[PDB]
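Encoded as structure tokens, the structure appears first; notes follow it.
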Amino acid sequence: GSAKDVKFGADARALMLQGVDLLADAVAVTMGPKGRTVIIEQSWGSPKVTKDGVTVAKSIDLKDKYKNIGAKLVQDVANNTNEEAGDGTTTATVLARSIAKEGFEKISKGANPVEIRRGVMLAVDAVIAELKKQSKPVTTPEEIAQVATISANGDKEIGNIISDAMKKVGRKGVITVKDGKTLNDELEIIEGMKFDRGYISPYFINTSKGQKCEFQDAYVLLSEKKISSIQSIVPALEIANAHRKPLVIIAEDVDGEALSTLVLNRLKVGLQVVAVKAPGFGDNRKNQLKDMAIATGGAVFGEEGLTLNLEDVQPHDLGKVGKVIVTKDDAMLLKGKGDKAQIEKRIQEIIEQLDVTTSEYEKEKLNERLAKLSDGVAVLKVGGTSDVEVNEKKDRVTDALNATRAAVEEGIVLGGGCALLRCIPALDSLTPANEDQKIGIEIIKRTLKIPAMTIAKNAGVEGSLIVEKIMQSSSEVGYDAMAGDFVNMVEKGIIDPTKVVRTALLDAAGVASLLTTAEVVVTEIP
Amino acid sequence: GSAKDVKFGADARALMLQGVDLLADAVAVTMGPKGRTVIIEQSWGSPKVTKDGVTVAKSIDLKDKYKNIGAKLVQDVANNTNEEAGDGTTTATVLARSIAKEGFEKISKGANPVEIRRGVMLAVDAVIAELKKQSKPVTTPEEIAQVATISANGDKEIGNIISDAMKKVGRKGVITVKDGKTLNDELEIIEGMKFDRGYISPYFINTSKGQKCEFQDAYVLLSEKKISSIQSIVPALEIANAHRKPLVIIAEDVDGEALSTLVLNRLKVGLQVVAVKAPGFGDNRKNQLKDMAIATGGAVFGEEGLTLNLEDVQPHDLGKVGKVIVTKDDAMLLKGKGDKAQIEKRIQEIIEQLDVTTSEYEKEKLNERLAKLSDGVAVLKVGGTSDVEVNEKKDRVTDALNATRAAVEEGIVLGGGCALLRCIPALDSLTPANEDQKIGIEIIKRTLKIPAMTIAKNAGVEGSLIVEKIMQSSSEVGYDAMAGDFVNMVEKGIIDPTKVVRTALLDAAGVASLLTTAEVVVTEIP
Amino acid sequence: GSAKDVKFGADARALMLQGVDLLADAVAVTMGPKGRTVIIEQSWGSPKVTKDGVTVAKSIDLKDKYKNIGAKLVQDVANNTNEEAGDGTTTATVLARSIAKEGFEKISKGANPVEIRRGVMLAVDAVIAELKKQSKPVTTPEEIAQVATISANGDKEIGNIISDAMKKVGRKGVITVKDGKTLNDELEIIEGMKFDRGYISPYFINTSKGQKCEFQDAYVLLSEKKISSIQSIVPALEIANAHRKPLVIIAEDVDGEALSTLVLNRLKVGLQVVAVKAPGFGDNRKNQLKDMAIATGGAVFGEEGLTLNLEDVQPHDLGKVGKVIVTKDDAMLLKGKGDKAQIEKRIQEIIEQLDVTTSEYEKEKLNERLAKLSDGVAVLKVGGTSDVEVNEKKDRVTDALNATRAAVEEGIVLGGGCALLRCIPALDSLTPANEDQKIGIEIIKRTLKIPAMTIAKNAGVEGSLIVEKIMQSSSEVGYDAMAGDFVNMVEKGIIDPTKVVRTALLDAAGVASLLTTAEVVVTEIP
Ligand SMILES: Nc1ncnc2c1ncn2[C@@H]1O[C@H](COP(=O)(O)OP(=O)(O)O)[C@@H](O)[C@H]1O
Ligand SMILES: Nc1ncnc2c1ncn2[C@@H]1O[C@H](COP(=O)(O)OP(=O)(O)O)[C@@H](O)[C@H]1O
Ligand SMILES: Nc1ncnc2c1ncn2[C@@H]1O[C@H](COP(=O)(O)OP(=O)(O)O)[C@@H](O)[C@H]1O
Ligand SMILES: [Mg+2]
Ligand SMILES: [Mg+2]
Ligand SMILES: [Mg+2]
């Protein structure tokens with residue numbers, strides 16, 4: 001293969017550690033309320049600004065291939081943490097560096113770094129256990145706003161808006177985040193099944209106020225194929241006019257003579273019909289029409305396999321909806337009736353798809369908001385006066401959102417970094433099998449102090465003193481680095497989801513303890 | 001990814017600040033009446049000359065990647081301001097530099113630049129509030145010519161011609177700007193229903209002078225389909241020859257046997273017919289033809305909503321009409337009857353839409369020019385002796401136009417830079433939460449002085465003397481830098497639209513305050 | 001975008017001025033009777049020699065990007081002048097340099113170069129006014145030959161031959177210029193209808209001397225389609241034998257049985273017919289045959305739309321010509337009768353075509369020459385012993401032609417450069433609004449002296465002595481630099497069209513006064 005070059009022992013360890021230390025030093029300035037931002041040059045556009053640890057970590061590759069090995073491993077931990085939890089990234093990085101340094105330093109001739117790894121892993125299990133003991137599940141929706149506002153770097157309006165959306169959509173409902181054009185944040189809430197397609201003809205309009213077509217207690221007709229012929233359209237209208245209900249028709253397109261029947265029967269003898277194009281993306285629209293079919297109760301016409309033809313309809317083949325609103329741009333359907341078991345089956349299906357298949361073709365999420373919209377969904381239109389600002393704020397909002405979900409689903413524990421600090425006594429009551437494992441437990445025991453010392457150090461104060469003042473102090477009290485003084489932690493609102501504290505530490509130790517086992521590294525020649 | 005290189009703290013800040021300062025220094029020479037032009041090399045052609053801050057800013061990228069980061073952020077400011085307001089670009093640039101410098105200088109170890117950002121943004125909100133209090137909405141059309149003339153760098157003829165066009169088409173009517181072939185400026189006004197399509201055959205000609213079709217009290221025919229067919233044309237001509245009136249026919253195309261009837265039968269006892277292609281281009285042409293339909297009052301043929309066929313016409317068909325003039329390139333219709341419910345329906349439609357698809361789809365204005373063309377539209381044919389001159393003058397005219405629109409839609413406030421200067425006392429009555437925010441408010445307090453000091457500095461005078469002379473002076477008085485002495489501002493005509501002053505400041509502070517938060521910069525290696 | 005580099009103030013100004021001065025110094029050696037030529041290397045061929053200012057200016061681009069900016073602006077001046085007037089190019093360049101230098105030098109800190117520009121433009125308006133006052137419209141056809149001979153650098157034979165062409169074709173008729181193979185210039189004048197197509201068969205020959213078919217008082221038949229069949233051709237011959245006239249037939253082709261009828265009736269009962277191919281391209285042929293239709297009076301057969309078929313002809317559907325001569329290679333038709341109004345309509349149509357016709361396809365002129373014949377066009381076959389000679393000379397004759405047309409259409413004024421010198425007192429009676437404008441008027445006042453001093457300097461004499469001596473002298477007298485002494489200008493024939501003198505100065509001052517406004521220059525890095 002390709003010509004290569006290899007390096008041996010503490011020399012190579014010192015190089016890899018140089019890389020780790022560089023990347024860690026770059027990410028770690030972002031940590032905490034007094035933390036600071038990192039600008040990253042973009043190849044094509046104006047540069048990114050961020051406070052996100054993982055996005056800083058991913059941005060840094062290095063010319064020196066060994067230092068690049070270290071860097072790649074630490075960004076691996078930060079990425080794993082971001083994927084598994086969505087916050088706590090800088091924390092995972094500084095933890096990983098601490099384990100890597102303290103690991104590397106203790107290696108000698110007689111030492112057995114694999115066994116030391118076993119010891120640190122023992123220490124991590126023992127720590128997360130005590131963390132779970134410390135966890136107190138969220139209750140009041142004030143705590144939601146607290147976790148959100150702290151995860152959003154002290155922006156109270158963010159955690160307020162998140163609390164509102166989570167109240168009005170539910171704690172495990174769908175919230176999504178997107179760019180505003182407005183200079184301020186907006187919470188929009190959609191209920192129903194909205195999609196971005198409008199009436200084919202203006203003539204369908206009934207209200208003249210807003211220029212909408214508004215219907216209630218309506219029927220739905222779903223066609224996967226185009227409907228140009230009269231032959232397949234007419235029975236669907238006779239059946240609709242029969243039971244005196246309005247009919248909405250969703251199709252790949254509605255045109256030829258069919259549209260002529262629709263807008264003649266519409267303008268004359270005042271029939272209540274609308275026709276709108278299918279949401280429309282090739283094979284995607286098929287899945288969407290299947291979604292709306294299942295939600296509104298009823299079936300899709302045209303070619304799947306079993307073909308149901310448009311000429312032979314029955315009232316049980318249509319759809320039934322509480323309300324419908326359509327405009328030139330978009331269509332919303334509301335309170336559609338169908339089997340709730342079967343629709344939750346559908347949502348369970350799409351989620352179980354998406355989770356094993358995370359492409360950057362995220363229309364699978366666009367499905368999930370739609371079929372879940374009969375509880376509701378919240379859109380978070382983030383503001384700001386410039387794109388880079390909105391990207392920063394949106395990074396923070398997504399962080400706070402993921403943090404709140406982790407909080408509701410697992411629990412909350414003390415903020416600052418105190419939650420890890422309180423786990424040290426649990427390590428003190430361990431029973432190491434040998435010197436190596438004891439070294440591992442010592443490594444983790446030192447490493448737990450780090451996040452608080454870093455958050456304090458960013459504040460401009462004597463962080464490692466502050467850590468010790470915290471340790472002499474009671475369990476409920478910690479250091480408010482923004483206010484610059486000690487406080488009850490949970491009372492003052494400084495709290496972290498347990499899931500994030502668990503995952504950051506677990507990933508960081510998981511990769512770094514493996515890194516410390518290295519004795520020889522092999523790299524490509526420039 | 002690509003190999004990268006990172007830099008830490010006030011060093012990287014000093015580099016980025018070098019970039020900011022370079023670009024700002026380049027932009028700032030253009031500012032005010034005594035400002036000066038910037039030549040920019042073009043790759044293919046002869047070089048640009050400009051006084052436009054944003055066009056100077058976009059032209060400058062830098063080899064040093066950090067300085068280039070600063071530069072790119074400043075271009076973000078100037079571009080955002082130009083997009084959102086269309087003037088005030090140089091102002092936004094010098095403001096952004098001032099906030100960036102004064103920001104960077106005040107950071108230390110104990111400082112919290114994000115919180116300083118919060119203080120700055122507080123200060124900007126507090127300032128724009130007082131700006132809105134200061135705003136006095138435009139009334140006399142002398143004020144229009146004043147804001148135009150100041151935004152056009154003292155060219156009175158520009159603001160005169162803009163005032164004339166805005167009078168003759170209305171303050172929210174359509175004005176557009178284009179190159180003359182003439183050495184002087186011209187105002188042309190189009191009235192009617194103008195669109196860019198010319199005959200189909202030459203044999204139609206009636207006046208021989210200009211080679212136009214000039215018709216009066218004519219008929220109009222509207223066909224969404226091609227008219228190539230046998231006997232679908234004839235009743236429309238028999239009915240036209242009946243009431244001895246000329247007919248213009250607009251269609252997707254007119255050709256085959258139809259055209260053969262039209263000519264040669266045009267060349268017979270001078271009855272007047274003309275045929276022209278529909279304004280066209282796919283799905284747009286339907287909306288355009290419905291526009292001309294509703295304007296002349298009713299009109300439908302071709303395939304359908306409600307179906308009207310071309311064989312069955314009546315003398316009241318389909319809309320009417322007044323006068324018509326068409327040439328080889330373009331067609332104009334004039335005196336359409338009845339109508340105004342549907343046009344107000346149209347403005348009600350455009351005002352309610354575009355808000356969705358808000359991110360590039362300005363064709364809604366292309367609609368608005370058409371359906372409002374029975375009031376008018378203005379073309380601004382700018383003159384000059386050379387293309388580069390023409391591009392300069394046109395840049396200035398477009399600036400003055402956007403400025404006049406911002407003035408009519410939001411308000412006017414004091415020129416010079418005094419409007420920002422008067423907002424300082426509003427900052428003096430603020431209640432900062434902490435030292436960081438106080439630093440921010442101080443930053444804005446200093447930065448507000450900048451535009452006035454810069455306009456004076458370009459004059460060759462002691463700008464910061466003049467700033468303080470203005471501050472000691474009364475609210476109504478400021479510095480006329482062209483005349484070189486103090487005057488009543490509003491009386492002398494030196495006034496700025498409030499929209500431009502708010503948007504420049506908001507964007508500049510918005511990006512620069514984010515820039516000051518940086519602690520680490522990451523860039524690609526050369 | 002692309003990495004760039006910027007420069008500030010008089011430093012950058014001195015570089016741009018270096019470029020301007022280089023290009024100007026190169027062009028200016030060509031000026032006047034004692035001026036000299038410039039050789040320009042061609043990439044592919046043997047080098048150009050020229051006395052044309054604009055062609056020198058366009059040839060010079062510069063490595064130093066700033067100097068190249070200056071260079072691009074001055075060649076912009078020379079190109080604008082050549083496009084707008086066709087002579088006076090060197091003059092426009094030296095004027096532009098003078099305005100640029102005198103502009104740049106007068107700039108300081110307190111100065112306002114845009115306002116200085118305003119003063120300059122004021123001065124130029126004031127100058128061209130007095131120029132128009134000085135203008136005396138051309139009368140005698142001696143004056144045309146004078147303007148031509150002076151614009152052709154003293155070649156009397158050029159202005160003689162141009163005078164002859166202008167007499168024999170008219171003052172606004174068509175003269176064109178092209179290479180001879182003869183070593184001397186020749187004037188050919190074409191009138192009639194010439195095109196390069198010959199008899200299909202030798203049997204058509206009538207003269208036996210030259211082998212031509214010569215006809216008079218003939219008919220012409222025009223067929224856009226092929227003529228193979230008998231039944232379409234025969235009535236056209238019966239109608240010809242009826243009225244005992246010769247028949248010329250022009251067609252896409254004439255062959256099959258038709259041709260057999262033609263040369264049978266030709267060879268056995270000496271009928272007077274010839275048949276010739278259409279001038280031939282594809283779509284061009286339609287316009288050519290319809291041209292010949294319109295010229296000869298009559299109509300084209302075959303399919304346009306309304307189709308007239310060859311079976312149904314009438315004598316008023318043919319064509320009628322004073323004379324016809326045909327050979328193996330070419331066909332000439334003479335004194336064709338038709339509506340002169342309709343033919344002038346046709347020429348008015350083709351000129352209005354070609355003028356807006358962004359075309360490398362010059363056949364529109366090849367059309368225009370044809371339909372203009374028997375009104376006439378003159379071709380100027382320029383001689384010389386070598387291609388480079390022919391091209392230089394052709395440049396000069398084209399200059400003289402454009403100059404004569406400018407003279408007839410606007411006027412003539414004093415040569416030498418005296419006409420501007422006489423305009424200086426008009427500057428003396430101006431009322432400047434401020435110091436800047438006064439600087440501008442002073443700049444123009446100095447620049448006006450330049451062209452005469454340059455023409456004198458090229459002579460090898462003390463140009464600025466000569467300028468002041470002419471200024472001390474009376475209005476009618478100036479300096480004959482070729483004869484080397486003072487003379488009455490108009491009497492000795494040294495005169496310049498007013499259009500060229502106005503346009504050169506107006507363009508030069510127009511861009512240079514803009515150049516002087518620059519404070520910052522931005523250029524791409526090598
Ligand atoms: N006022 C505060 N006092 C003490 N610690 C805080 C305060 N606000 C936030 N923190 C701590 O900051 C940490 C969050 O780090 P952050 O900068 O959001 O990056 P990440 O979440 O990716 O680690 C949490 O562990 C939290 O305990
Ligand atoms: N005669 C004048 N006296 C004082 N200030 C002026 C005068 N003319 C224009 N200004 C000021 O110049 C500013 C406009 O700057 P300009 O050169 O148009 O660049 P931009 O508008 O792109 O920032 C306005 O704020 C206005 O107050
Ligand atoms: N015999 C002459 N005496 C004085 N001036 C002359 C004479 N011949 C030509 N000129 C001047 O030369 C100028 C023309 O310059 P020329 O060399 O033709 O290049 P261009 O026409 O491109 O400027 C005219 O202004 C004319 O007055
Ligand atoms: Mg976070
Ligand atoms: Mg401006
Ligand atoms: Mg000449």
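Residue numbering restarts at 1 in every chain; chains get A, B, ... in the order shown in the structure tokens, and ligands count up from 1 in that same order.
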As number ranges by chain, could you give me every residue of chain A near chain C (at most 12 Å apart, counting only C-alpha atoms)? A: 43-46
Taking the backbone alone, and naming residues the way the document does, which bits of stretch 27-255 of chain A are strand (DSSP E or B) by DSSP, as an MDAnalysis selection string? chainID A and resid 37:40 48:50 136 174:179 186:190 193:195 199 213:223 227 247:251 254
Close residues to ligand 2 using only C-alpha atoms and all ligand atoms, limit 7 Å, as a PyMOL selection string: chain B and resi 30-33+35+51-53+87-92+150-154+415-417+455+479-483+494-496
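The space separating atom CA of residue B:419 from atom CA of residue B:143 comes to 16.6 Å.
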Do a neighbour search on stretch 308-318 of chain C at 9 Å with only C-alpha atoms, toss out local chain neighbours closer than 3 positions, and write the hits as number ranges by chain. C: 219-223, 231-236, 239-240, 293, 296-304
Since we have the selection now, will you write its residues out, keeping N, CA, C and O atoms, as a short mmCIF file (atom, residue, chain, number, x, y, z; two decimals), in the first residue's frame?
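Output contents, as saved in selection_19.cif:
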data_model
loop_
_atom_site.label_atom_id
_atom_site.label_comp_id
_atom_site.auth_asym_id
_atom_site.auth_seq_id
_atom_site.Cartn_x
_atom_site.Cartn_y
_atom_site.Cartn_z
N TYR C 219 -39.15 41.48 -68.99
CA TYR C 219 -39.94 41.04 -67.85
C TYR C 219 -39.10 40.21 -66.89
O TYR C 219 -38.09 39.62 -67.30
N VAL C 220 -39.52 40.16 -65.63
CA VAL C 220 -38.85 39.30 -64.67
C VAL C 220 -39.89 38.47 -63.93
O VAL C 220 -40.96 38.96 -63.56
N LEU C 221 -39.59 37.18 -63.77
CA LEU C 221 -40.43 36.25 -63.03
C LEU C 221 -39.68 35.77 -61.80
O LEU C 221 -38.52 35.36 -61.90
N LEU C 222 -40.32 35.82 -60.64
CA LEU C 222 -39.64 35.54 -59.39
C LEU C 222 -40.29 34.37 -58.66
O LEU C 222 -41.43 34.46 -58.22
N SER C 223 -39.55 33.27 -58.54
CA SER C 223 -40.11 32.08 -57.90
C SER C 223 -39.27 31.65 -56.70
O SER C 223 -38.08 31.35 -56.83
N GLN C 231 -46.46 22.77 -66.21
CA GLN C 231 -47.72 23.49 -66.02
C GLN C 231 -47.62 24.78 -65.21
O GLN C 231 -48.44 25.68 -65.39
N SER C 232 -46.64 24.89 -64.33
CA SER C 232 -46.38 26.15 -63.65
C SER C 232 -45.58 27.16 -64.47
O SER C 232 -45.72 28.37 -64.28
N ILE C 233 -44.74 26.68 -65.39
CA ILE C 233 -43.92 27.58 -66.19
C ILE C 233 -44.60 28.12 -67.46
O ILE C 233 -44.40 29.28 -67.82
N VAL C 234 -45.40 27.30 -68.14
CA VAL C 234 -45.90 27.67 -69.47
C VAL C 234 -46.72 28.99 -69.57
O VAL C 234 -46.47 29.78 -70.50
N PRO C 235 -47.69 29.24 -68.66
CA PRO C 235 -48.41 30.51 -68.82
C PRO C 235 -47.51 31.74 -68.78
O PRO C 235 -47.76 32.74 -69.45
N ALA C 236 -46.45 31.65 -67.98
CA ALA C 236 -45.48 32.73 -67.83
C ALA C 236 -44.73 32.99 -69.13
O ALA C 236 -44.24 34.09 -69.36
N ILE C 239 -47.52 34.52 -71.74
CA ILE C 239 -47.70 35.93 -71.43
C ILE C 239 -46.51 36.76 -71.93
O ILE C 239 -46.65 37.95 -72.22
N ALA C 240 -45.34 36.12 -72.03
CA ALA C 240 -44.14 36.81 -72.50
C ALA C 240 -44.13 36.93 -74.02
O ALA C 240 -43.80 37.99 -74.56
N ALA C 293 -38.27 41.71 -56.19
CA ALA C 293 -39.70 41.91 -56.43
C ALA C 293 -40.08 43.37 -56.25
O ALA C 293 -40.65 43.99 -57.15
N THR C 296 -38.16 45.75 -58.91
CA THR C 296 -38.57 45.60 -60.30
C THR C 296 -40.07 45.77 -60.49
O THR C 296 -40.56 45.75 -61.62
N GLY C 297 -40.81 45.89 -59.39
CA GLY C 297 -42.24 46.10 -59.47
C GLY C 297 -42.95 44.79 -59.77
O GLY C 297 -42.91 44.30 -60.89
N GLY C 298 -43.61 44.22 -58.77
CA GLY C 298 -44.19 42.90 -58.95
C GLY C 298 -44.05 42.03 -57.72
O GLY C 298 -43.68 42.51 -56.65
N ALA C 299 -44.34 40.73 -57.88
CA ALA C 299 -44.48 39.85 -56.73
C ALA C 299 -43.78 38.50 -56.87
O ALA C 299 -43.55 38.00 -57.98
N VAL C 300 -43.43 37.93 -55.72
CA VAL C 300 -42.70 36.68 -55.62
C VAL C 300 -43.66 35.50 -55.54
O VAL C 300 -44.67 35.56 -54.83
N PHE C 301 -43.36 34.44 -56.29
CA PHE C 301 -44.20 33.25 -56.36
C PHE C 301 -43.63 32.16 -55.45
O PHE C 301 -42.45 32.19 -55.11
N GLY C 302 -44.47 31.21 -55.06
CA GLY C 302 -44.12 30.24 -54.04
C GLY C 302 -44.61 30.66 -52.66
O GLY C 302 -45.24 31.71 -52.51
N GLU C 303 -44.33 29.84 -51.65
CA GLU C 303 -45.05 29.91 -50.38
C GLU C 303 -44.41 30.84 -49.35
O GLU C 303 -43.28 30.62 -48.91
N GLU C 304 -45.13 31.90 -49.01
CA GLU C 304 -44.79 32.79 -47.90
C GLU C 304 -45.83 32.71 -46.79
O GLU C 304 -45.53 32.94 -45.62
#
Every residue of stretch 363-490 of chain C that DSSP places in helix (DSSP H, G or I), as JSON, numbers by chain: {"C": [363, 364, 365, 366, 367, 368, 369, 370, 371, 372, 387, 388, 389, 390, 391, 392, 393, 394, 395, 396, 397, 398, 399, 400, 401, 402, 403, 404, 405, 406, 407, 408, 409, 418, 419, 420, 421, 424, 425, 426, 427, 428, 435, 436, 437, 438, 439, 440, 441, 442, 443, 444, 445, 446, 447, 450, 451, 452, 453, 454, 455, 456, 457, 458, 459, 463, 464, 465, 466, 467, 468, 469, 470, 471, 472, 489, 490]}
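Relative to atom CA of residue B:325, atom CA of residue C:355 is found at 23.2 Å.
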